[PDB]
């Protein structure tokens, strides 16, 4: 039920340093990562909105030094169907 | 909280010689490798920050002779929550 | 094994101030000096990996003030065989 | 822990006049001389810091009139580890 | 033996204020004074080299206000023959 | 009223909430929360500003003092939102946006290696925090204004295995001391010095 | 003259040198130097023992603390030869030797694993040594007489890289507060307790 | 990183080594040695400068504080040579000659005779040194910067039969108080005031 | 020497002489007297001026300090004439008329009503006087220089039913805190701010 | 385990929360919150007695003082339900019950009507609660054991508008000092005295 | 209630009046004034004991210290009749008589000739009177009860121009530490010891 936040970075390194800075910056739960092929990988964090949007900015700001940051977005409340089908942690 | 060193390379061969030159450089532990698809490959090592710092600088310099090196990063204290969710050799 | 720090100067005076400044800049052990003849002199220190790296940087800047400094290099963890055949202080 | 003064001269004669002028200039003990090969030699002096500082800057100006003086330096306290690994006249053996 | 330091003045007064300020300024031993006749008197101190040269500067600086200072000099190591003949305390 | 610092602390790393507390004689924070930091002159408006925060939110304050010169404000709470809400009220009391804060200055940043056995024992006279073991290494920073420093002090331990010494968000200048094994400090200091410039502000 | 406790430490450990320096008001100690601290009664009579001791040797007088009844005076110098002299010089003035001293007995010992944040704020708030960080274990030990507590610190830091939050060997019963990880506290608390129990003497 | 004070004290007069040290929480000096004194802005560089001295020499520091404003540097040792060696490196860290220091300013120096019995007890609120007996006399000095004052306090007792009150090498200004029988104060002030101006420097 | 404050206090209202005295470490005044107030820089000339008062009159001093910055002088006695006689001599030492004083500045004057229970205990960190009960109200004023505040602090309680918090006649600025039920504070503050403006002086 | 004093106050009155808060060095209390304070011996058990409460509930640690023999630990929380969890756990932590507690006894009481100005300067100058103003009446009360002092203030301020000058529940006898007009001093002291007499327990 | 010591001093000497005044925290004494100091137990009775003297006469209260068990109240006043009255006036409250006081007994006496430099650093650093200078002799004497120590100080400074290093008439034994040349210390120690012995009382 938590809110959502993601970063995807052409480069497994960029994801880690991004995924790191997110955890260190807020009280969010890092669920894992999803491999889309082609060198692109996506980090996934979950938690309250105020936490994520504060954590995510730290990720974007920290990966741009060492990565090709592709996209960064935040969903404050994913509709029930999303959590049900996609692997975003909070899956019954 | 053992440190963390990462080399990403567009070419399997780069990762090997990078990994080899690293474990030979300082007292670090090579924990495995990660395939992100797209031909990108990443080596992962843990150990002392001074060791990782010096090992990584010896790996980057050793791989440039072979395949193109994408990224090189070093994380002194990775947060506990990373080693738990991501496959970085220290999952309890 | 212990790290390795070396400084090669073409003036005996240069070596001492280079030697002294190092053991004053970090927790390092000064083993000795090997005079290769022809005015060239090399001071050798061993200790932690970073302490050496910081020691050298302090000697080079200190030695350049009074001598033709020639070479400064650092080896974090040399092979077992190296210490076994060379007069580098860690011989059994 | 007594201080340290050194003079390195390309050629024997300079070192002596550099040495001799020092011990006459202030209260210092000349401990010996060092041959680094290639013609370079070095005089080594120990004593209180005021003497050596006054001794060297008297020896340089006295050796500079003979041979090519390479370097002149003074250490007011060599680290105790140095005196053990290096031949500076205060080795505890 | 010990180092040397002297001031000579035309006036027993001028010497004293100098002889005082020197003693107050350093750790030196005031041996006495030698009367040269004609109003010229000479103060004589012995001790550590740094002490004398620091003591003397204060004395000369102090006698110039009230005296006709003639000469000020310092010998860091008098040859043994001097102490044998001239009366500078340190006479075997 | 004029503005000096406006720093928003995300989630403090543990050893600060300790050292923060022994420095404070107010509502001590605990490790894992959030806090806010704003410097203004003159140090009485600080006391009024604290209401707009305290009355309009559920926060908790530790620093409200003039033991150094004029005063500085910190409030703490677990939920970033409540704090970010609390902060937003403070600036609006002055009717100045974020970017009105003063750009920080980097006065003295240097790293010292193998401190002499003497100097360790004496520094700890400033025992607001930990002690510099004899012969490790030390990091020292100065910034103008003073409030900006605690942000950096966070990014240190958050980024390296360092021992935290002493912090100055009080005074006309922000000064910092760090201690710990050697290689980390370079990795730690690299984060600290980088933390201050990255701030956006007015000339 | 009553000889309560007199334990000569071979070499002060790296951390304790800071803590002694963080609280002493006399000749500061230095790391690695051996130091003997002598506890006698009356506490006004220690001023005569050290004044007798200071004129006889080249040691440095570090602390002269006047308690209600007992007095402790410690002199420090790295040279082991001087260390044996002052005690014999001090003890022969008090007309006794070493075996006459009181044998130390461990009064109370408790290790509280994983301190909560509320205690972490309160723990280091009463300490002048290292800050107690949240989550680490803290070992509290008490020694009788109080002066004998110093052997605990040198024993802990030698056997483990632990942090001393506070140490006070002044009073009736000595308080020793050490903090660290679960395992590291285990071996030291084992080494410290055996050290307090093994100190030879009488009662 | 500018320079303010650079004063070299020859051989301290006895009663200072007490008051010098009893005010300080560092390596207390003793009577008959030599010490060095340097003020620099900004006030952390002192802590870094302190090594270059301490590492390159056999010295010992008494003053290390930022209780007043930013910090100030003194080091002391018995050997004039060792100290002058320490001084030579300290400026060399800054690469500044002696003659770059600021000329001192002479703000308020006046002599007050037979102080009324009241004013004695109140000055002694600052009982850092001796007490003004009721109705002797007092000498008072202010200089910019502050470090120069301890030199003045020296040259006084070096020249007259005085009781030393309180000294400030700390702060934005160096202020001094003297006590003793009447004629000496007249004789002391003439030496002190003369000691400060005669220094050569830049405005 | 320069002039900043010259305030002649008529008959102190009772509760000041407490907070005046309980804050002071000098000849405490008592309620029902008269007192005088003059601020001058530099804070040593104060020490000389205090005699001219004490020598030429029958007075008694409470404030004589440089614990804050430079010093400030107050003298007090029951007879207005004796004080006015003492004060008039002080300025005559300066060869300055009354009206040379700086006109005061009115920097920040605001009233804060129904303070949250938190802020009460935290203000009391400055526990120099009374306690702000939870949820009364508070008045805050700033003036330059600092001496003017006790004039304001006096005229306040003289005009309203207030609890006195804390006062700053020391420092670079005069800051004020008041406590009590609402209507008094609004009635109190009006008298203080009116006291400051009404002063006649130089720009 | 010896339970010395344990009186839980249903709700701290408006003034006392500051007085308890004005001196503590831990988690500050707030008005309206319920608070339990338990005093036990030995003092080493207070760290465990509180630790049972802190780990079992969400309470805040107010005071934890380790004295020569006795120990006092105080916890506070606004939720009346929270008081029952820790207290029963605290009493069970040291293993006891309700009838085993000490019955309170009024040790000594003296009311000095119309305090003179000389006492007004001396009285509160050693106090951190309200200031004693000249002319008012002062009621001094003492309770044995020390822990029972907390009930004194909470009883006085609730029943009468009096001012709390000082409160110290640490030591051999607990100190309660309340001040006010002639009538107000009567009623509060009456409510305080009955509380010691009605407290159920043993001797 | 037991009145321990009550010694009326003919006139507080010049140094002690400062030394008493340099440390007192109440109504300051002044030099040349006659003073009576009364020591009684319990300390809670002192608030009434002193008030009896203040309410009957116009004297000034110099010291009124209520300890855990013992209490000391000292009065000074320019009126010789009121000073003689207050002691008789104070005792005529506590149903005691003059001979009922405890006779003082000299507890411990030690003369250490020519204090060493190491002791010179330690001596005055824990003292509030004059600084002990290197080379001087220091005589440490203790008297039981403690209050009678004040007669020692008035005896030394009157009979010799010595310096009072410390005087504490609070505790079990009063500490009087005087410094000076060997001969100057000789006469004082004779005058102080005989003075304690002639004090009338019981055992």
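Remarks
Letters A, B, C, D, E, F, G, H, I, J and K name the chains as they come in the text, with residue numbers starting at 1 for each one.
What we mean here is this: a residue touches a chain if its C-beta (ideal position, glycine included) is under 8 Å from a C-beta of that chain, and two chains touch if they have at least 3 such contacts.
Comparing each option in G-K, F-G or H-I with I-J by residue number, the pair that reproduces over half of the contacts is F-G. For the pairs D-E and H-I, the larger set of C-beta contacts lies at H-I. Between the CA-based centres of subunit A and subunit J the separation comes to 52 Å, rounded to the whole angstrom. Centre-to-centre separation of subunit B and subunit K, using mean CA positions: 76 Å.
Here the CA centre of subunit F is 34 Å from the CA centre of subunit I. The distance from the centre of subunit B to the centre of subunit E, each centre being the mean of the chain's C-alpha atoms, comes to 73 Å. Along subunit D, residues 48-51 each make contact with two or more other chains. Residues of subunit K in contact with at least two other chains: 25-28, 121, 125. By the touch criterion stated above, subunit H contacts subunit F in their complex at residues 1, 25-27, 42-45, 47-48, 50-51, 54-55, 60-61, 64-66, 70. Chain contact summary for the complex, subunit F toward subunit B: residues 158-161, 182-184, 187-188.
Taken together, the subunit H residues at the contact with subunit E in this complex read 10-11, 32, 79-81, 84, 158.
In the complex of the two chains, the subunit B residues touching subunit A come out as 4, 6, 8, 34, 36-40, 42, 70-73, 75, 78-79, 81-82, 85-86, 88. Listing the residues of subunit I that touch subunit F in their complex gives 107-108, 110, 112, 115-116, 118-119, 122-123, 125-126, 138, 140-142, 173, 175.
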